[PDB]
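Read the single chain below, which is given as structure tokens and is the form deposited in one PDB entry.
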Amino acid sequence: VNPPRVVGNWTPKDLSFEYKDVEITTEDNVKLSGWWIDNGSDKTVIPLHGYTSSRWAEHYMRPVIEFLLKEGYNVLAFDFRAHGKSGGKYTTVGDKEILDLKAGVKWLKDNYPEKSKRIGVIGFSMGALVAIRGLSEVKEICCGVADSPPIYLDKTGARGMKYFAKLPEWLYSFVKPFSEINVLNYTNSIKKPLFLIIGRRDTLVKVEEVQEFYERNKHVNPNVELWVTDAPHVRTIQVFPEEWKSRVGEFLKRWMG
């Protein structure tokens, strides 16, 4: 069962940029909907949204797209399969979505090579998982930012989909029906710069889980960083915008070149 499709009302035009509505087709023939935002750069950053969300998400996608454009990067921003306006019959919460990222990268190199000499990625939640995987498996990606990445998908899924309070009964009963990948393996294969962000108030992903990833990856990656904040799930950029942009900005600056 896919989550409801969420589509916002704003466009890159509201950010004072021209944009193209584009269609990206995956290795497995899913048609994705996205924006290509040309900023006159040779570098592109792809911001990846979270489960049940889309490219419009006002509390983190709008700010990060506006931040990326401000920083001067080009932006490719698309909806994951089964989300927003994108096709695909099923979301796989981080599994087949690697193909979504792969297709986005391929699309950049096929259509705008000179606008994507360097490609970076920023992921939130599910998108953060995909960022991690892409940073390992997709060679064209030079660096990645992973904000609130689910490390133990089983536990995180349980935290976000289950509700245990029996009273009132009408609520417990109404939601109960809805409550129906080895990420740590990637700590041995990622050798590129990776910026992990995790909030102390995050009820879906624990600090210790992300910290586990960091310390295991540190032994093969001198350029993995961990930032532990006081925000809840994917909301560091909402609660600590200037500091979020400062740290991620400096990180992109350094490795995007």
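What we label the rigid core is the largest C-alpha set whose atoms superpose within 1.5 Å from one form to the other. Numbers follow the displayed sequence, beginning with 1.
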ask   = Is it true that residue 130 has no coordinates in a third or more of the other entries in the comparison?
value = no
request  = Would you mind checking whether residue 93 is unresolved in the model of at least a third of the other PDB entries compared?
outcome  = yes
Deposited but uncoordinated residues in the residue 180/residue 181 interval = 4 to 9
note = Stretch with higher mean Cα temperature factor, 61-69 vs 204-212, is 204-212
request  = Tell me which of 168-176 and 181-189 has the higher mean C-alpha B-factor in the deposited entry.
outcome  = 181-189
query = Looking at 198, 37, 194, 220, which has the highest CA B-factor as recorded?
reply = 220
key: Residue selected from 122, 153, 77, 101 by maximal Cα B factor   = 153
key: Where the record places residue 90 (Cα B-factor, split into thirds across the chain)   = highest
key: Third assignment of residue 46 from its chain's C-alpha B-factors   = lowest
task = Name the third of the chain's ranked CA B-factors that contains residue 229, choosing lowest, middle or highest.
result = highest
message = Per the entry's values, where does residue 97 land by CA temperature factor relative to the rest of its chain, in the lowest, middle or highest third?
response = middle
note = Entry-reported C-alpha B-factor of residue 105 relative to its chain, by third, is middle
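Keep in mind that the form deposited in another entry is missing from the display, and what follows is about it.
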key: Sole member of 117, 159, 102, 85 with a C-alpha shift of at least 2 Å between this form and the one not shown (core-superposed)   = 159
key: Threshold 2 Å Cα movement between this form and the one not shown at residue 72, rigid core reference   = no
query = Is residue 169 one of the residues whose C-alpha moves 2 Å or more between this form and the one not shown after the core fit?
reply = yes
request  = Have a look at residue 161 and residue 50: in the other entry, are their Cα atoms closer together or farther apart than in this form, given the change is 3 Å or more?
outcome  = farther
request  = Once you account for a change of 3 Å or more, let me know if residue 50 and residue 175 sit closer or farther in the other entry, using their C-alpha atoms.
outcome  = closer
